[PDB]
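K.L.:
Just to be clear, this is only the beginning of the complex, oriented as in the whole thing:
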Amino acid sequence: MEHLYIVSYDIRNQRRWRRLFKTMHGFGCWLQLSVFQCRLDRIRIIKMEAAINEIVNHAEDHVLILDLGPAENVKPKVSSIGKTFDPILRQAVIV
Amino acid sequence: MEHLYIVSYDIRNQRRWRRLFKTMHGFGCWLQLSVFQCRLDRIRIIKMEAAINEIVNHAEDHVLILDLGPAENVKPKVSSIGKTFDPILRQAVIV
Amino acid sequence: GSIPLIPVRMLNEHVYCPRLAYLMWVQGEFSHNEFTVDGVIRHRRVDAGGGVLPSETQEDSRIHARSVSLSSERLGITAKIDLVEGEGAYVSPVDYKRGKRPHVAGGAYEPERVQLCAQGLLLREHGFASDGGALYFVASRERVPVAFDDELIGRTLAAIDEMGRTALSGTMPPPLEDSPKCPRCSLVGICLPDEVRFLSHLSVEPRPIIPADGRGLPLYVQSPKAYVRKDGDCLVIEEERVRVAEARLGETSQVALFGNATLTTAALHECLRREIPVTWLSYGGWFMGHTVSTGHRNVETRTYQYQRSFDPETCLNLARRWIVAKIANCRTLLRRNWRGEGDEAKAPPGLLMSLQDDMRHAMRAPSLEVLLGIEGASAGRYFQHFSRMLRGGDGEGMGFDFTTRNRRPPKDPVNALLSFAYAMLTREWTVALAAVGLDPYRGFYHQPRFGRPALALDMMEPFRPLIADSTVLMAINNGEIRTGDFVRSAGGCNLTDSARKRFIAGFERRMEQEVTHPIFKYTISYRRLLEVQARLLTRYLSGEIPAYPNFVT
Amino acid sequence: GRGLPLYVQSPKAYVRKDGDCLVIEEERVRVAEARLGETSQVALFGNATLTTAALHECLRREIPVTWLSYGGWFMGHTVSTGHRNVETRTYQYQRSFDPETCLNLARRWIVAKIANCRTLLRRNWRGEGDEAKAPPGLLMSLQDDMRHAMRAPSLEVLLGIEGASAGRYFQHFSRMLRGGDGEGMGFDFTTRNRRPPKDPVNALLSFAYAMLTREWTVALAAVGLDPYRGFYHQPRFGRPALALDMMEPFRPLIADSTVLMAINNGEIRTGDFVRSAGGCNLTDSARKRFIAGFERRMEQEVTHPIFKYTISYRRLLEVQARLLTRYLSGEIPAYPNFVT
């Protein structure tokens, strides 16, 4: 049952930065200067987990993934003071 | 009943950056390149809320505060791949 | 000079809870919780800043007055209007709130309506036609007008009357009968309504505790050559010019400075400005000095404290109960915690009637010198037998000499530990009683000599076994402290840094160990127990309750 | 008595102990000493530094270290855990219950006020031009009013004649201006102490009273006394009752004074005031200029509490409180007010 995740990265290589960067584009949506919001299910969260142990270099980079929760009731858990936050929504894109 | 919070900031002023920065030191602990972990109670979370609407400049900076939860069972919600995470602990400091 | 003008929100709270009003005005004792802080925050950013002035002469203009000073000679009250909205000569009060529109008829509860009516009458007294105001809820951003009734004015004036009469009375009004109103009164932490009722002998069942709010953790500086420096709102402790650690100021609640540590004057100032108590302790933990701040707001508490202090019979009875509780806790600890391997596993019952006859003699103490004698005898037997459980018997170098009480530089390991625990608990008690307005030095049983505040010295005796003895046992049995942990000297047995580290850590955990109150039957930390016992004592001094609960387990 | 207070202006100061001596240092270069024989409270201004060893020795000698801003703003005392203070405090409490001690003490402070008032009349009577000498019948009435006080049968009587004589005094308080009425800043004899200020004269008077009471509070706490338990005023409801009792005789020499320079020297002008539905409130600039003026008042030295040693009023406060302690505990009889 669907969950929302928040991911923050600090990377010390432009190569790895590129790769990680748009692989992340593969998973969520950019939200903050080095943070992506991520509304995902178990299978793809595991796929994520797999990809980023292995684009990333362990001893010396650092990334964090945070399960906020079920993503039905997220904004009770969130507060934004810059631009307003509202989470990802699953609809088909019709444009 | 005690909760844990995670805060991320993107600021476009070194002045505001200084002020926000160590005011944040007033509240939690540095964890990530622009992120602080925060184990707090209601009164001081409100104090936080008050301080940062007003050091910060709204239209154009951006900060986020994330209630992970009660902070008894946090690490079930966390995953770190760089340095290991373990949350704040309340004991008196005795050093 | 019996009574000045009454502040208007004191009326607001009064109809809310007359007891609360008595507390909040006659003695004050303000406190903060979620909603109090929230309301302060919403009020300050706009209304704390001033606005337009109320013109004496008013012909045709818009007035947007903010933070107006009005007070009534004849009505007997004083106010700061939250905002004034008036068209030429027809003005109207404006109040700000913090929450939603309440789901009540008229969208406003009785009290705030009394605010509006009463300070509207104040506006009238200054030559104005108000006849109604409004409530501006900040959160939902909404104005809700209020019309000024007749009997609403009656409510206001009668409340004025009955404030004045309860103040001149000098009588604690009773708490609410098990009302949902208290559990957010933000002073239930000091009203103690369920407790005051239950002991106030109108027997009900006390409800689960309103939990901890706005409490931090203490600051222990044992490193004998540490530097304590302020940086902004953080406080950094450094030793050998390296940042050993820092503590978040808000989370801090107390500061104890062992031995020859150093404090930056600025840090002291900062602590004062957040009136965080700070204390100075000898290297061994002798309690040498602390700070005060212009006394404590309450006075009647101290007044009755002294009245107590000058009734010999009250003192006698209280000492009776104190020592009885002490030796009853010795009952409990001794039998429950006795460690024999076989045929000692049960506490020798001769001891049992020994101490039981001791409690009997204790209540049969005619004066308190006899009470000293009984105290000494019981304590002598208790320490004499004390060795009967630690590690299931004395260890290597952990032998105990019970005679070496009343003996300042300890000659024994265990005596050093015990004296340390005693004195270092004493600080806790001192802070607690200071916080509640009691003068920790004016005692009834113990007598005020240096380094040992008399009243708290009295106050701690029942807790000596549950706290100090328990900690010593925990550390010794759990292998926390061993022979190599101590340093010999002509002075005696002293503690290494690692020893002190770990001993303080264990003691702290014991403070943050939950127990169940025998009479109120709910979980509560020993530390909270400290304040609750303090305030209960206060009430008993005020006569609000028949007798003091001694907390016997 | 025991000793005298020690002040250290310097934000630079570094203080340690020389055995029996306290030593003041500027930049490792040496400034002053206390040496502990005749010492009283050690007060340290903003960010002044004193060594922990010195502090411990001070505690052992039971001396109330206290803390001021660099501006001189008080923010805390530091007290040792000794029988100095409670002994005084307990003495205070039973002797508080005793009525005619309260009577005697009160009517001393009242005559002290009023004698100071008439003395001030002849220190600053500014009815010059034709009346450099105040109306004599006023002064027969007054000296009668200290007599009226000295008979005082009971406390409520004392307060009644108090109010009478005080209104009497404020009738001619207008004459104290720098040559006439203070048009733009007029004084009311009947709107006295009405809670917000209805006249600028009343405003300045009230603010001066505020801080004067406040310094009495801090000095009173400096010694082992409780300021909120008074013998004359009513204790509860936030009022520092003992401080209020203390502050009477010195309203003239300080608060009424501070007003008199602040107005006659042009520091206080018309535009400094704001009128609001019956409230004449000052401006922050006027506030703080007036505050510097009050410090100026605090800075003058008078010499004779009971001995020639030319102290500023501020140290006279501590001397006065300590003499009160000397009165209590049955050490000296009848508490000889300072009067000039």
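P.N.:
Here it is on my side, so go on. Residues are numbered from 1 along each chain as shown, chains lettered A, B, ... in the order given.
K.L.:
Distance check, residue A:47 against residue D:18.
P.N.:
Using CB to CB, to the nearest Å, residue A:47 is found at 75 Å from residue D:18. Where C-beta positions appear, they are placed from N, C-alpha and C, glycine not excepted.
K.L.:
Next one: the residue of the stretch 51-200 of chain D found nearest chain B relative to chain C, how far apart?
P.N.:
Taking CB to the nearest CB, chain B has its nearest neighbour within the stretch 51-200 of chain D at residue D:52, 17.8 Å off. For residue D:52, the distance to chain C (CB to the nearest CB, to the nearest Å) stands at 6 Å.
K.L.:
mind listing what that residue touches?
P.N.:
Contact analysis of residue D:52 by CB atoms under 8 Å, 6 or more residues apart in numbering or on different chains lists C:260-263.
K.L.:
Domain-wise, how is chain D divided?
P.N.:
With domains defined by curated CATH domains, chain D comprises D:4-85, D:86-330.
K.L.:
Between the two ends of the longest one, how far is it?
P.N.:
Counting by CA to CA, to the nearest Å, the length from the leading to the trailing residue of domain D:86-330 is 15 Å.
K.L.:
How far off centre is it?
P.N.:
The chain centroid and the centroid of domain D:86-330 are separated by 8 Å, computed with CA atoms, centre = their mean, to the nearest Å.
K.L.:
touching chain C at all, it?
P.N.:
Yes - judged by CB under 8 Å from any CB of the partner chain, domain D:86-330 comes into contact with chain C at D:86-87, D:89-90, D:93-94, D:159, D:194-196, D:217-218, D:221, D:226-229, D:233-238, D:274-279, D:281.
K.L.:
So is stretch A:2-10 next to chain B?
P.N.:
Yes - using CB under 8 Å from any CB, stretch A:2-10 reaches chain B at A:6, A:8, A:10.
K.L.:
tack on chain E:
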Amino acid sequence: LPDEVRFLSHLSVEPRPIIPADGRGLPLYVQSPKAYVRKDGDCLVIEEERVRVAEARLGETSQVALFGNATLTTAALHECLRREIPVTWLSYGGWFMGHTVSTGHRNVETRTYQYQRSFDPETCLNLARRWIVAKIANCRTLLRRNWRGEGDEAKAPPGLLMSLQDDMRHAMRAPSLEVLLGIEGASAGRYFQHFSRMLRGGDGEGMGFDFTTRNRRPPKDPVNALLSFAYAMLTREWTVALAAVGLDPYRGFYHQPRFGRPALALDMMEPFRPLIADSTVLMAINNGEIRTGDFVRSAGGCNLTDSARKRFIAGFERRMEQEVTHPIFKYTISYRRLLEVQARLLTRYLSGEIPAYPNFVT
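P.N.:
So that you can see how it sits with the rest, here is chain E on the chains above:
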């Protein structure tokens, strides 16, 4: 589908709560007639007038429909192939012109029995019977439940009721399927003829309906344009579903395989026409989603504006993601999941694993 295969496989038990959705995405609709679809890495960006209109996360994508004259980067097509995401091409009106395949589907016996079915006239007859009966039974349900009269119409005229009920009776009493065409046509004629009886509680401004203008390619009516659009655009959904389960969506039993209209899915959809297409049309019209100004006139007829198409597709999507309860298995399930489950059940019935196909009558 073990619980289902058991429960219909006639060893009666109670089916348990559904094993929920896993590994399913959402479709890609490209209606902007001049949009440009480009691959960047694993993301897919849609841009119009050389500006990044939007992008879709590839993994979350499940289908792609390309309306009208949109443009696809060959690379994007390749990427979709490599994640064998089906892609389809639709006329600007939504005519279903082409899609892709990939080396056939792994199963064969499914298709084999499908054809065996396809060549047993009696199986075809029975299945068509049940299909049309279910269709007109859903007309039962929609008509009476959703009828909007203001007073004395609020109840559906019961003459209609035995009318259609006798229709279902004749339907199972159809001897051959040409008679079934006749019954189908008659019932549908009455149904559309009465269709106006609920929308907005009566026809709106320019929303009048002409039931004769079915079988009429460029629609002359607003509502006909809406209905044909919904029909055809549902048809795509069915086609994808049956392709996914290995069925050949073109080899039908009742309908016959002509261009743009896959025969088997054309059959397959008929019971769902009212529950899906009709329901959506009603929802949009009554809820004020679509109004007169939303349509464009032409000699061709009534066509849709961009905003019209935007919102109509959005509503239809929501209808897909609207949960219902299965009459026989009595648990919540999306219409879209219903599509696959009905498909696989059909498969099993073709394999003979179960006695008869559940027609999903509400």
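K.L.:
same question on the contacts of residue D:52, but with chain E included?
P.N.:
Residue D:52 touches C:260-263, counting by CB under 8 Å, 6+ apart.
K.L.:
mind redoing it with 6 Å?
P.N.:
For residue D:52, the contact set (CB atoms under 6 Å, 6 or more residues apart in numbering or on different chains) comprises C:260, C:262.
K.L.:
And for residue C:424?
P.N.:
Counting by CB under 6 Å, 6+ apart, residue C:424 makes contact with residue C:285.
K.L.:
from chain A, which residue is nearest to chain D?
P.N.:
Of all residues in chain A, residue A:81 sits closest to chain D, with a separation of 32.0 Å (CB to the nearest CB).
K.L.:
Pull the contacting residues for the nearest residue to that residue once chain neighbours are set aside.
P.N.:
Leaving aside its chain neighbours, residue A:81 sits nearest to residue B:63 (4.9 Å; criterion: CB to CB, 6 or more residues apart in numbering or on different chains). When contacts are counted by CB under 6 Å, 6+ apart, residue B:63 touches A:81, B:9, B:56.
K.L.:
any idea which element residue B:63 lies in?
P.N.:
Element membership for residue B:63, per DSSP states H and E: strand B:62-69.
K.L.:
what about the spatially closest residue to residue D:143 that is not a sequence neighbour, which SS state?
P.N.:
With CB to CB, 6+ apart as the criterion, residue D:143 has its nearest non-adjacent residue at 7.2 Å, and that residue is residue D:118. The three-state label given to residue D:118 by DSSP: H, G, I helix; E, B strand; the rest coil is helix.
K.L.:
Count the residues that sit near residue D:118.
P.N.:
Burial measure for residue D:118: 20 neighbouring residues, criterion other CB atoms under 10 Å in any protein chain shown.
K.L.:
cool, the one 5 residues further on as well?
P.N.:
Close neighbours of residue D:123, defined as other CB under 10 Å, add up to 14.
K.L.:
put chain F on too:
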Amino acid sequence: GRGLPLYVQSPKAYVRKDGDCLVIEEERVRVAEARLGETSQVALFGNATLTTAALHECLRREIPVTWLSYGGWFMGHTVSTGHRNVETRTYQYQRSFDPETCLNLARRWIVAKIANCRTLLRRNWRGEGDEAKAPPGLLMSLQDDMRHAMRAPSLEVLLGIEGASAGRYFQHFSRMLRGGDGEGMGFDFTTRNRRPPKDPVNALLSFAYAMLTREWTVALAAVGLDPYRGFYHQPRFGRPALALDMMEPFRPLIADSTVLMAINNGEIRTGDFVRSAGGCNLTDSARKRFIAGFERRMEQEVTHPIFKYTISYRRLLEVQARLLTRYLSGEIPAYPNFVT
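P.N.:
Chain F added:
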């Protein structure tokens, strides 16, 4: 028939429609046309571009657009929603159930293989030096083996004689080497098609077979046919049965060929192979060099399916499948195999 396939190598190509015409553009400069009369599948190599309007018109004319990498790697077809393909597919399915159609069709493909095999014997018999001419009795035995096929009574018989004649052929397959035995790369007549390769000859043969089958799969799907439902092999279990049936006659002309240049021209050497518990597997470099060699085989043109028009084998595949369609649906009788 209808038309012929169209190829566009260019990754640069931009194709649109000229009414009835398809127009190829290089850089807005114009290249080729199809013009739609005699067109077949439109195949586009990597990142070739064709306008949507052209695509729609193609769909209306029911033509199977398909997609190749720039390398030429197939990755998808595109099919219109029309009765072209199912008609063929349904015809395929009932005519699949019919037995003696399967018999006739099978024994054509078998004789086609084997005649191609002997023809290849005399195209590439490399027993020269003393035996430039192969053993005659082998060829009487063979031509007997196509006769043996033409009598074929039933399918299992057909496969039995198939295996016999194939082992026969592989007995002398060693003679096809470039002058002798291929020491280091020896061929086994009995380890045939054993699943991992036990000989390098078998490895190359198997890989060539793999891709040959695979191109038959793609060409078969190009036309409206199902490759997994065969008339001769067994359909289930992943085997493309119809593709397997198709690929028989062309094993010689293509796979056996591709091996013969790859070995006789030194592209394939000893070191290219890896031995593993009975497995002679190639190296990736050898793989892809061999792959280029296979493309080379695919690139030669033969002219006479039924008409002189000199097509590469690859277009012959489409021609062959379409002729199969011509056979099905009862349009032409008896499916005249290509044989050289």
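K.L.:
The contacts of residue D:52 with chain F there, same question as before?
P.N.:
Taking CB under 6 Å, 6+ apart as the criterion, residue D:52 is in contact with C:260, C:262.
K.L.:
how far away is residue D:153 from residue D:168?
P.N.:
Distance from residue D:153 to residue D:168, by CB to CB: 20 Å.
K.L.:
Looking only at neighbour counts, state which of those two leads.
P.N.:
The residue with more neighbours, out of residue D:153 and residue D:168, is residue D:168; 18 against 8, by other CB under 10 Å.
K.L.:
need the contact list for the residue of chain C found nearest chain F.
P.N.:
For chain C and chain F, the shortest gap (CB to the nearest CB) falls at residue C:141, measuring 52.7 Å. Counting by CB under 6 Å, 6+ apart, residue C:141 makes contact with nothing.
K.L.:
same thing with residue D:23?
P.N.:
Residues in contact with residue D:23, defined by CB under 6 Å, 6+ apart, are D:16, D:33.
K.L.:
go again using 8 Å as the cut-off
P.N.:
Going by CB under 8 Å, 6+ apart, residue D:23 touches D:15-17, D:30, D:32-33.
K.L.:
Does it have any beta-bridge partners, and if so which?
P.N.:
Residue D:23 has the following beta-bridge partners by DSSP bridges: residue D:16, residue D:33.
K.L.:
list the contacts for residue C:286?
P.N.:
Neighbours of residue C:286 in contact, by CB under 8 Å, 6+ apart: C:423, C:451.
K.L.:
Compare the contacts of residue D:23 and tell me which has the most neighbours.
P.N.:
residue D:15 (23 neighbours).
K.L.:
Leaving out the residues flanking it, which one is nearest to it?
P.N.:
Excluding its sequence neighbours, the residue lying closest to residue D:15 (CB to CB, 6+ apart) is residue D:50, at 4.1 Å.
K.L.:
Was I right to think the one you found contacts residue D:6?
P.N.:
No - contact criterion CB atoms under 8 Å: residue D:50 and residue D:6 do not qualify, at 10.9 Å.
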